[PDB]
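Reading through the structure tokens given below for one structure.
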Amino acid sequence: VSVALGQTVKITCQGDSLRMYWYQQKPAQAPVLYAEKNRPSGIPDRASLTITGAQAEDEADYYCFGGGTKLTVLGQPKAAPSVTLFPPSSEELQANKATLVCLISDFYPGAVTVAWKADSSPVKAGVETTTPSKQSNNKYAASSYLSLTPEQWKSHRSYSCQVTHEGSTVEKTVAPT
Amino acid sequence: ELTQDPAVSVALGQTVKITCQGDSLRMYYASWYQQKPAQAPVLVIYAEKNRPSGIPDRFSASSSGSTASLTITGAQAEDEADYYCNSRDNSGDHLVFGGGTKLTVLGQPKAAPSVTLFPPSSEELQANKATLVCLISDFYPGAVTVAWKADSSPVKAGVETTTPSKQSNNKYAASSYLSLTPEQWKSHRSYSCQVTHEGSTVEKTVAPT
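One line per chain: the protein sequences are A and B, in this order.
Residue numbers 10 to 30, 34 to 45, 48 to 60, 70 to 87, 99 to 211, in the entry's author numbering, belong to the letters of the first sequence in order.
Numbered continuously in the entry's author numbering, the second sequence closes out at residue 211.
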């Protein structure tokens, strides 16, 4: 969930007990403070939460308990990820190893979801994905990798890496030889 | 309205006690949350005595007066996180939270990084691109220095390296990539990725085929 500076956002909470009947948590900080119509005090003033005037400091997790909503305050333009799926190299295959690397770069905001496929079959066994971190251009980079045996690599028609980034999905597919 | 030290350390397999202090703790039992970077908080203990399903038996909680404590016996590598206490706050149906305590688990087994260097893929060369990727995995502690080479010449421009993050095995992973044009890739005899991890340096080399 992202918003531009000075723009309007809506964070939504879904589940039971909402038919019958606010905490802000910045990274490595305590979730600080009621129910739809209430007047709090201590932090600057103005189920779903709406923020009319958004500042870079407002970038935090909001909780109604909900799973958590990472509100991103756009400090720069949105950028879809550049996705490159690298197949196992000849050198790695000659060493009886196979690793596929899905390189994800130049994206903003810094949140992605990665899914893998063996042919048309979704796979998650042997998958590791790194936490996005800032490049020198202030955009983000991450990598997801899938460890396979060379027999698994050669016995499949293809392998795919799918990257989801705020309503955009980029899938890259590679095939042996 | 609850106080706890910002950080604490323990040795692997040893016991750690994280304490919270506040007037509300004399009236209410504390709940404990575990939070790792880029992850949703996990309820580790509910109102001192309830351990939810999925939470290891290593976690327990106790209290005395205006203090509440979370005890981790036989602290594991997966237990490194920020631990926050929470409770109700006297006259008023609202919750108060502690500032959080970051836990460091010392004496964890060290590991040299596994380094895999990929040449440009056939799809990116067909698209007039020649980015190389250097996968750095299964290392501990989570700090590396990455340097690239064009034959024997060090490369500064076009290099990006990710901050190491934990894998599901509690070892770290990172990647470094070098953006090149097919021209730069084909003109050199080889390119290298050298990774420095404490007393170890691992370098891999790829060549155009």
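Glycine is no exception: its CB is placed at the ideal position from the N, C-alpha and C atoms.
Report yes or no: is there a C-beta of chain B within less than 8 Å of the C-beta of residue i?
| i | result |
| --- | --- |
| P43/A | yes |
| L180/A | no |
| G101/A | yes |
| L27/A | no |
| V12/A | no |
| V157/A | no |
| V208/A | yes |
| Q186/A | no |
| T147/A | no |
| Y30/A | no |
| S123/A | yes |
| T198/A | no |
| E205/A | no |
| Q128/A | no |
| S167/A | yes |
| residue 4/A | Absent from the model: residue 4/A. The displayed extent of chain A is 10 to 211, so no value can be given. |
Could you tell me which residues DSSP pairs with residue i in its beta bridges?
| i | result |
| --- | --- |
| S66/B | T69/B |
| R90/B | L97/B |
| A49/A | None; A49/A has no bridge partner. |
| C136/B | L119/B and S178/B |
| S33/B | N88/B |
| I57/A | The partner list for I57/A (beta bridge, DSSP) is empty, contrary to what the question assumes. |
| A9/B | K104/B |
| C195/B | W150/B and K206/B |
| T21/B | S71/B |
| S124/A | For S124/A, which the question treats as bridged, DSSP gives no partner whatsoever. |
Candidates the options: which alpha carbon is nearest residue i's?
| i | options | result |
| --- | --- | --- |
| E200/B | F141/B, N171/B and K158/B | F141/B |
| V148/A | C136/A, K51/A and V12/A | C136/A |
| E185/A | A132/A, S167/A and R53/A | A132/A |
| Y174/A | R191/A, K158/A and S139/A | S139/A |
| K19/B | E3/B, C87/B and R28/B | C87/B |
| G94/B | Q37/B, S194/B, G15/B and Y30/B | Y30/B |
| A145/A | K112/A, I74/A, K151/A and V161/A | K112/A |
| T17/A | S26/A, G24/A and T106/A | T106/A |
| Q6/B | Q23/B, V12/B, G15/B and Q36/B | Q23/B |
| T73/A | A49/A, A79/A, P121/A and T21/A | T21/A |
| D81/B | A70/B, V98/B, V44/B and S71/B | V44/B |
| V12/A | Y48/A, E126/A and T103/A | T103/A |
| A129/A | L182/A, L108/A and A176/A | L182/A |
| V161/A | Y179/B, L127/B and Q169/B | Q169/B |
| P39/B | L14/A, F99/A and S167/A | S167/A |
| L119/A | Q36/A, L108/A, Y85/A and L134/A | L134/A |
| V10/B | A114/B, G56/B, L108/B and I47/B | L108/B |
| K188/A | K206/A, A176/A, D153/A and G15/A | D153/A |
| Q196/B | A49/B, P210/B and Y179/B | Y179/B |
| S55/A | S71/A, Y35/A and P121/A | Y35/A |
| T164/A | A176/B, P156/B, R90/B and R53/B | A176/B |
| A79/A | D59/A, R60/A, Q110/A and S71/A | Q110/A |
Looking at the C-beta of residue i, does it have a partner C-beta in chain A at a distance below 8 Å?
| i | result |
| --- | --- |
| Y86/B | yes |
| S154/B | no |
| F120/B | yes |
| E80/B | no |
| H96/B | yes |
| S192/B | no |
| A113/B | no |
| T75/B | no |
| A70/B | no |
| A49/B | no |
| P54/B | no |
| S170/B | yes |
| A40/B | yes |
According to DSSP, is residue i part of a helix, a strand, or is it coil?
| i | result |
| --- | --- |
| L14/A | coil |
| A114/B | coil |
| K131/A | coil |
| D81/B | helix |
| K173/A | coil |
| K38/B | coil |
| residue 2/B | Here chain B has residues from 3 to 211 only, and residue 2/B is not among them. |
| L108/B | strand |
| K151/B | strand |
| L27/A | coil |
| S189/B | helix |
| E3/B | coil |
| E162/A | strand |
Taking 8 Å as the threshold (beta carbon to beta carbon), is residue i in contact with chain D?
| i | result |
| --- | --- |
| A176/B | The structure shown contains no chain D; its protein chains are A and B. |
Problem - Residues, ordered as in the chain, of the region 132 to 144 of chain A that lie near chain B by beta-carbon distance below 8 Å - result: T133, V135, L137 and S139
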